[PDB]
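Considered here are two forms of the same protein chain, supplied as structure tokens in two stand-alone entries, structure 1 and structure 2.
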Structure 1
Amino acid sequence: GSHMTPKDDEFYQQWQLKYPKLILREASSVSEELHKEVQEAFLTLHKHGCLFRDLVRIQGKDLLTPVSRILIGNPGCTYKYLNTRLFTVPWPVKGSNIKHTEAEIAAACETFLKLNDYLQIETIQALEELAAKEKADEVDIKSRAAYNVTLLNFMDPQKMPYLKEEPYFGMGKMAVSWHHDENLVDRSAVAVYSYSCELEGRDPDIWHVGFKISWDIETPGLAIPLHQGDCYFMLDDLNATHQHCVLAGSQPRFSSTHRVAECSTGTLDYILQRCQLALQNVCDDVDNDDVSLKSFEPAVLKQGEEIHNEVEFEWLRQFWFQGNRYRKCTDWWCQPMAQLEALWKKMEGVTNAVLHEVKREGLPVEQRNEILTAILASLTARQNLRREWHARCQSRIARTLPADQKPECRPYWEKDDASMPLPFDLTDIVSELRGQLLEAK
């Protein structure tokens, strides 16, 4: 089990033969102005403390990433990985009015937008070249380079020295283990700008990106040295056929990883449209607590309860688990989250209305049982997911974080709370409904 670096004769040919959708643009091909702007933007976002270690979940374990991160991108866009939905700090894309940041921060976002445009152009060029090599559509290519977000990383290996050893090729210390990037548009490229501050095998003191073939530890892995401002590109199916990792050096290092996030169910607009659809079933002359529904058709109720779950667990809890970090950097999401929370509270109202109907004196049991069968999976999931999020929020690792990042379990209410129609813990309700469904016939 071994690896190759530029110091190996076989390196270049092995790069050609087993890893040709991996492209490398050395810092030289990038303008000094852009380097400067980008690097000052990294340092800027670092000074203002905008990068946070994520509290992710892997194989059922709550883990703090060694790396500090922040997501920057199109307004209203999210990127979900390791069960953790990141919300963009917005950059000023076309027809945008952010009005949300502290001067320097905004300028940094603008910069990473500029970086994004450049890397996009380079990715398009390289993908052209690749298709032309293949020769020996255009919309597809522009589509696979349309980076809508960048995920920024920082790590100081001197302050963060608790790093695993690369287990298969002897590549040494890993900042990030072997993985595929999730939640990307199919066959979409990833473009990385790497900014490192200042013998057998790979140089331990220099940062590398490592690549291997999926399922395969026989084919030697590649360890690519990254210096200051080097760029690399994972093109086409590389991210699917291969795995990559980050090999830490000794100095601090920043990176900007530009992605086409698969946000078809990952944007504010999308989840507001979903909420609007759920509340089509609600009589909406006035906003009060007397929620009354237009139909108890099972399909409509199932849909409603499914959307309720989606806005609660994919949006509100995800957002508040992060402890309102990035309020530091922008207030963009404050109103939208308030709005999604109000919509969700109304849906608590809807559920209550269904539970009210299910108990109604003159409701024929057949219709009742149709309703129960329609909503039960949703309520069961709501209960299990609430147990999970509550536990995730209270975990030992979670309580150790600063007060500026303390996982707020939200929304959360006590039974003594008369403002909420339904209890947080639905155990008894789900029991009753199941009991009802199995009554003698």
Structure 2
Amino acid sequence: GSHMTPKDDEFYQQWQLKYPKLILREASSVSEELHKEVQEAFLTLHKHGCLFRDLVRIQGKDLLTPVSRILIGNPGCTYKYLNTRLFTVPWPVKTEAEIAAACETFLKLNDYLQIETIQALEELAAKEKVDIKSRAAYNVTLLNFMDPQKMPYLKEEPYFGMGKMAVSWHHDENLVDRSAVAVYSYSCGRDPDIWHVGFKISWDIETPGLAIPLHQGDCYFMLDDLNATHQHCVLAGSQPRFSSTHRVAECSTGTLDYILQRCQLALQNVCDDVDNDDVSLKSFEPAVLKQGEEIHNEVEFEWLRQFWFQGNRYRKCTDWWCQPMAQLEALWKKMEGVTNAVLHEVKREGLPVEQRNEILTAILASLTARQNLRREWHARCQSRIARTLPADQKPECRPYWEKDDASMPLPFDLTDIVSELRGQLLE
């Protein structure tokens, strides 16, 4: 293998003929005003300690990101990566002081970056001689920080000899299709002291990868299918680095509006005159019961457990999600009641056996899934790393109720219940 930088003579030709979908802008193309405004936003966020490293699950394993990070952007939005749903600390489209001003700042930056992106995608679709407008509609930014020479060893980038790296080779998952990504970098063989972003064609380690030096304020853009045709990575220097990576996320199953409406659909099968521990289900068509138990699972695990695993990231940063998340927890325990209601009806004296088997076969996949996933989550909350962390770094394991708590109709452990119903059906 090998790699190239603006030193090498064939760099510019390799870029033109094998990486053309990538664009650079030196800090020189950006306002003075904007430059120091964003840097001051960045810094006041570091002093207040909002940048958290997240505790992730990847291929069965519980790991700790060396970069610290935070997710800002559209209110009600979420962005899922490495099995972690980051929730928006919001910026002001139509909470705590001194932080509002940085979110405002990064939104101004988002508008600027939008502008430049659309110009570039114009020129590109011009070389080709609502996709454009929406592939620039950045809805969130993932900010991230790393102080090198605090890591105890950094992985040597292994296919091209690019030296130590702070982010392995990857694509930016879960973005809308052919959407660009706009980065703002902030620094302080190839040169090891200076920060670089490195690039390579996927599956490929013959074609020499590029490694672009990024000085303070340098910006770049991954356009069209670039983010899919190539993977990238971030090579470290010696000074701490910031970067703000602005993206258009697939938030079609990941907004507070969406999960709420899902809840209303589940609850439509429920007699809603009053609200008490007294759930009487409106229908028993198997399909409806199944859709209910699925929405049960979706709000429990994609929304509750996720929110509370990033234990106190949130009520430290903003309060925005509090009333929302409280509301989601309420709807979830009413769904617990719905489930207990079905569990009652299925064993009732004088229910025809064929209906019993139909209703079982409708719900059992969702019950089994709820069981397996509560197992994973209590495991992850009592992880190697988790159960021995800073006392605030610990994730919370919510919802979790004990046996004696009668406020909850059904147990937290359902293995015997799934065993029971499966032992009915296979007879």
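Residue numbering: sequential along structure 1, first residue numbered 1. The term rigid core refers to the maximal set of C-alpha atoms that superpose within 1.5 Å between the two forms.
Participant: Taking only shifts of 2 Å or more in Cα after a rigid core superposition between structures 1 and 2, tell me which of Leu43, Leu401, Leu64, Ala27 qualifies.
Facilitator: The one that shifts is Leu401.
Participant: Would you say whether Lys159 is displaced between structures 1 and 2, judging by a C-alpha shift of 2 Å or more on the superposed rigid core?
Facilitator: Yes, because once the rigid core is superposed, the C-alpha of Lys159 moves 2 Å or more between structures 1 and 2.
Participant: Having superposed the rigid core, state how many Å the Cα of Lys415 shifts between structures 1 and 2.
Facilitator: That residue's C-alpha sits 1.2 Å away in the other form.
Participant: Look at the Cα of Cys283 between structures 1 and 2 with the rigid core superposed and state its shift in Å.
Facilitator: Displacement of the alpha carbon, after core fit: 0.5 Å.
Participant: Once the two forms are fitted on their rigid core, how many angstrom does the CA of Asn324 move between structures 1 and 2?
Facilitator: Value for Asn324 between structures 1 and 2: 2.6 Å of C-alpha shift.
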